[PDB]
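Visitor: Take a look at the following structure, please.
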Amino acid sequence: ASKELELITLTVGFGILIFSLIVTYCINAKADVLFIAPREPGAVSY
């Protein structure tokens, strides 16, 4: 059952990263607006 447990643990880790990203992303945009600074679509390069 260790496998199932390992998978669940990894699932949470990935979820945490997603939220963290959405948090830093929202802040990054706020700054770009706070001072009419360069802005790109979804900050996606290329």
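Chain labels follow the order of the structure tokens: the first chain is A, the next B, and so on; residue numbering restarts at 1 in every chain, and ligands are counted from 1 in their shown order.
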I want to know what sits within 12 Å of region 13-24 of chain A, based on only C-alpha atoms, with residues of the same chain fewer than 6 positions away left out; could you give that as number ranges by chain?

Guide: A: 6-7, 30-31, 42-43

Visitor: Using the selection just defined, write its residues with N, CA, C and O atoms as a PDB file, in the first residue's frame.

Guide:
```
ATOM      1  N   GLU A   6       2.442   6.860  -1.483  1.00  0.00           N
ATOM      2  CA  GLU A   6       3.431   7.700  -2.147  1.00  0.00           C
ATOM      3  C   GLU A   6       2.765   8.569  -3.210  1.00  0.00           C
ATOM      4  O   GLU A   6       3.080   9.750  -3.348  1.00  0.00           O
ATOM      5  N   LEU A   7       1.843   7.974  -3.961  1.00  0.00           N
ATOM      6  CA  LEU A   7       1.140   8.703  -5.011  1.00  0.00           C
ATOM      7  C   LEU A   7       0.331   9.852  -4.417  1.00  0.00           C
ATOM      8  O   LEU A   7       0.345  10.967  -4.937  1.00  0.00           O
ATOM      9  N   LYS A  30       0.276  42.365 -10.365  1.00  0.00           N
ATOM     10  CA  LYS A  30      -0.047  43.546  -9.573  1.00  0.00           C
ATOM     11  C   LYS A  30       1.067  44.582  -9.675  1.00  0.00           C
ATOM     12  O   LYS A  30       0.808  45.768  -9.876  1.00  0.00           O
ATOM     13  N   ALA A  31       2.304  44.125  -9.537  1.00  0.00           N
ATOM     14  CA  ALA A  31       3.452  45.020  -9.618  1.00  0.00           C
ATOM     15  C   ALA A  31       3.550  45.649 -11.005  1.00  0.00           C
ATOM     16  O   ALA A  31       3.796  46.853 -11.141  1.00  0.00           O
ATOM     17  N   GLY A  42       0.014  35.832 -19.827  1.00  0.00           N
ATOM     18  CA  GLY A  42       0.302  34.716 -18.936  1.00  0.00           C
ATOM     19  C   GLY A  42       1.795  34.624 -18.646  1.00  0.00           C
ATOM     20  O   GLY A  42       2.299  33.571 -18.258  1.00  0.00           O
ATOM     21  N   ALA A  43       2.501  35.737 -18.838  1.00  0.00           N
ATOM     22  CA  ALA A  43       3.938  35.770 -18.593  1.00  0.00           C
ATOM     23  C   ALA A  43       4.623  34.585 -19.270  1.00  0.00           C
ATOM     24  O   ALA A  43       5.710  34.170 -18.867  1.00  0.00           O
TER      25      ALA A  43
END
```

Visitor: Return as a count of residues only the full set of residues in chain A whose backbone-based DSSP assignment is helix (DSSP H, G or I).

Guide: 36

Visitor: Please compute the CA of residue 46 (chain A)-CA of residue 26 (chain A) distance, one decimal, in Å.

Guide: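 Atom-to-atom, CA of residue 46 (chain A) and CA of residue 26 (chain A) are spaced 20.0 Å apart.
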
Visitor: CA of residue 44 (chain A) to CA of residue 28 (chain A): how many Å, to one decimal?

Guide: 12.6 Å
